[PDB]
Every structure is written in C-alpha cells, then in structure tokens.
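> The following block contains the structure, expressed as structure tokens.
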Amino acid sequence: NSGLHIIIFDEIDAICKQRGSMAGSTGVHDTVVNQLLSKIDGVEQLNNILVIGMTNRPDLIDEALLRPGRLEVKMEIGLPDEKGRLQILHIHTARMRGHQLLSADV
Amino acid sequence: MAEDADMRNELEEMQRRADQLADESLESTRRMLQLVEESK
C-alpha cells in the first residue's frame, strides 16, 4: 500500500560504463556498477520505485543494465519538423500575445 | 615512446589516538589525594 519513490539520475554515463573497458580507476569505478545492479534488482523484492536516466551517448552504457526489468522504456528525443516548430513557437509567445505586447504584423 | 598518462590515488585511514580521558582521570586522582590528606 506504499506510494511511489522517484529517483532522477543525470548524465548516467559518467558513473556507469562497460565493465573491464576502463583501466587505471583504482577500482572505484568498477564496484559502483556492481552495487547499482545488485540494488535495482536483487534477491529481495522491491515494487515501489521508478528510475529515470538521461544521456547523450546511449551506446557506451553497460549492456547488463538495459535488459527488460531494469531500464525497459528507451526513448530517443530528436529534432522536430514543421508542425513541431509551429507548436514550439506557439508556447513561448503566449504571454506576449496576452497583454498586447506583440504587434499585429508578426 | 609510450609515456604513462600519470596516475591516480586511493586512501585508507586509521583510528586516531585522542588519549585525552587520562588527563581528566589524573586531575580527579590528584583531587582524591588532596581531600584524603585533609581528612587525616
């Protein structure tokens, strides 16, 4: 009956990377991944969390961290098209049109 | 040749030795001695 707990990681490819690829870290960069993996989905059961990650280099992240059950929904946020631009330009000039600060020519 | 990039370091501390309680014990004991001398 518990509520939801949300954790928002950021630049998730700064700590998580393919294991064994990096060298000279003194080991601190190869046990963090193990701890995170064991904690997201371990022998005990958790059913009230939600983890969000965002990054600019999708393919560097560890492969064992992306199978279904840990980070299922993968999405790409690409550039817009003409309709997308007409929409985006129509959100940022809403206030100006409200108080008649925007001329009738534009 | 191949010049090593450099290096990075890790740390592992150790317990400290305050050894400050013994001073309070010694002060208390000296007070013991003073009172004991006066009582006689």
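Here's how to read the names in the structure tokens: chain A, B, ... by the order shown, residue numbers from 1 in each chain, ligand numbers from 1 in the order shown.
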Could you pull out the alpha helix (DSSP H) residues of chain B from DSSP and send them as a list in words?

residues 21, 22, 23, 24, 25, 26, 27, 28, 29, 30, 31, 32, 33, 34, 35, 36, 37, 38 and 39 of chain B

> Can you build me a table of chain A residues sitting at most 9 Å from chain B, with the closest atom pair per residue and its distance in Å to one decimal, using only C-alpha atoms, sorted by chain and residue number, as JSON lines?


```
{"residue": "A:24", "atom": "CA", "partner": "B:7", "partner_atom": "CA", "distance": 7.3}
{"residue": "A:25", "atom": "CA", "partner": "B:8", "partner_atom": "CA", "distance": 7.2}
{"residue": "A:26", "atom": "CA", "partner": "B:10", "partner_atom": "CA", "distance": 6.9}
{"residue": "A:28", "atom": "CA", "partner": "B:10", "partner_atom": "CA", "distance": 8.7}
```

> Keeping N, CA, C and O atoms, export the residues of the selection given above as an mmCIF file, in the first residue's frame.


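So result32.cif came out as:
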```
data_model
loop_
_atom_site.group_PDB
_atom_site.id
_atom_site.type_symbol
_atom_site.label_atom_id
_atom_site.label_comp_id
_atom_site.auth_asym_id
_atom_site.auth_seq_id
_atom_site.Cartn_x
_atom_site.Cartn_y
_atom_site.Cartn_z
ATOM 1 N N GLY A 24 42.909 1.927 -14.842
ATOM 2 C CA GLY A 24 43.535 2.987 -14.078
ATOM 3 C C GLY A 24 42.595 3.782 -13.202
ATOM 4 O O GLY A 24 42.916 4.921 -12.846
ATOM 5 N N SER A 25 41.443 3.221 -12.843
ATOM 6 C CA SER A 25 40.495 3.889 -11.963
ATOM 7 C C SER A 25 40.728 3.586 -10.490
ATOM 8 O O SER A 25 40.080 4.204 -9.637
ATOM 9 N N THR A 26 41.629 2.659 -10.169
ATOM 10 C CA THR A 26 41.884 2.179 -8.813
ATOM 11 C C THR A 26 40.752 1.308 -8.285
ATOM 12 O O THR A 26 40.744 0.973 -7.094
ATOM 13 N N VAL A 28 37.492 1.999 -7.964
ATOM 14 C CA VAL A 28 36.292 2.689 -7.505
ATOM 15 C C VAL A 28 35.249 2.810 -8.605
ATOM 16 O O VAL A 28 34.064 3.008 -8.310
#
```

> If we count only C-alpha atoms and set the cut-off at 12 Å, which residues sit around segment 49-52 of chain A, ignoring sequence neighbours fewer than 3 positions away in its own chain? Please answer as a count of residues only.

26

> Distance atom CA of residue 60 of chain A-atom CA of residue 14 of chain A, one decimal place?

10.0 Å

> Set the distance at 10 Å and use only C-alpha atoms: which residues neighbour residue 30 of chain A once local chain neighbours fewer than 2 positions away are removed? I'd like the list as a short mmCIF file (atom, residue, chain, number, x, y, z; two decimals) with N, CA, C and O atoms, in the first residue's frame.


```cif
data_model
loop_
_atom_site.label_atom_id
_atom_site.label_comp_id
_atom_site.auth_asym_id
_atom_site.auth_seq_id
_atom_site.Cartn_x
_atom_site.Cartn_y
_atom_site.Cartn_z
N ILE A 15 29.14 7.52 -14.44
CA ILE A 15 29.50 6.51 -13.45
C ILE A 15 29.32 5.10 -14.00
O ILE A 15 30.10 4.21 -13.69
N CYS A 16 28.29 4.89 -14.83
CA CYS A 16 28.01 3.57 -15.39
C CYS A 16 28.67 3.43 -16.75
O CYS A 16 28.47 4.26 -17.64
N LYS A 17 29.46 2.37 -16.91
CA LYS A 17 30.14 2.09 -18.17
C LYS A 17 30.39 0.59 -18.26
O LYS A 17 30.24 -0.15 -17.29
N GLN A 18 30.77 0.15 -19.46
CA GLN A 18 31.09 -1.26 -19.67
C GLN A 18 32.19 -1.69 -18.70
O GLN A 18 33.21 -1.01 -18.55
N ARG A 19 31.96 -2.81 -18.02
CA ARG A 19 32.91 -3.31 -17.04
C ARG A 19 34.12 -3.92 -17.73
O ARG A 19 33.97 -4.72 -18.66
N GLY A 20 35.31 -3.55 -17.27
CA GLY A 20 36.55 -4.03 -17.84
C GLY A 20 37.11 -3.17 -18.96
O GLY A 20 38.28 -3.35 -19.32
N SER A 21 36.32 -2.25 -19.51
CA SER A 21 36.82 -1.38 -20.56
C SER A 21 37.77 -0.33 -20.00
O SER A 21 38.82 -0.06 -20.59
N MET A 22 37.41 0.28 -18.88
CA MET A 22 38.24 1.33 -18.29
C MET A 22 39.36 0.72 -17.45
O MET A 22 39.19 -0.32 -16.82
N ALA A 23 40.51 1.39 -17.46
CA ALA A 23 41.66 0.97 -16.68
C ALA A 23 42.26 2.18 -15.97
O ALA A 23 42.14 3.32 -16.44
N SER A 25 41.44 3.22 -12.84
CA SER A 25 40.49 3.89 -11.96
C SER A 25 40.73 3.59 -10.49
O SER A 25 40.08 4.20 -9.64
N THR A 26 41.63 2.66 -10.17
CA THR A 26 41.88 2.18 -8.81
C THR A 26 40.75 1.31 -8.28
O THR A 26 40.74 0.97 -7.09
N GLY A 27 39.80 0.93 -9.13
CA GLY A 27 38.73 0.03 -8.75
C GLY A 27 37.45 0.71 -8.30
O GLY A 27 36.41 0.05 -8.26
N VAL A 28 37.49 2.00 -7.96
CA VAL A 28 36.29 2.69 -7.51
C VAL A 28 35.25 2.81 -8.61
O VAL A 28 34.06 3.01 -8.31
N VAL A 32 30.99 0.42 -8.19
CA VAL A 32 29.77 1.21 -8.20
C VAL A 32 28.72 0.55 -9.09
O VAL A 32 27.55 0.46 -8.73
N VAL A 33 29.14 0.09 -10.27
CA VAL A 33 28.20 -0.56 -11.18
C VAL A 33 27.65 -1.83 -10.56
O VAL A 33 26.45 -2.11 -10.66
N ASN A 34 28.51 -2.62 -9.92
CA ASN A 34 28.05 -3.85 -9.28
C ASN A 34 27.04 -3.54 -8.19
O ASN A 34 25.99 -4.21 -8.09
N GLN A 35 27.32 -2.54 -7.35
CA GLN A 35 26.38 -2.18 -6.29
C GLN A 35 25.05 -1.73 -6.88
O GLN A 35 23.98 -2.15 -6.41
#
```
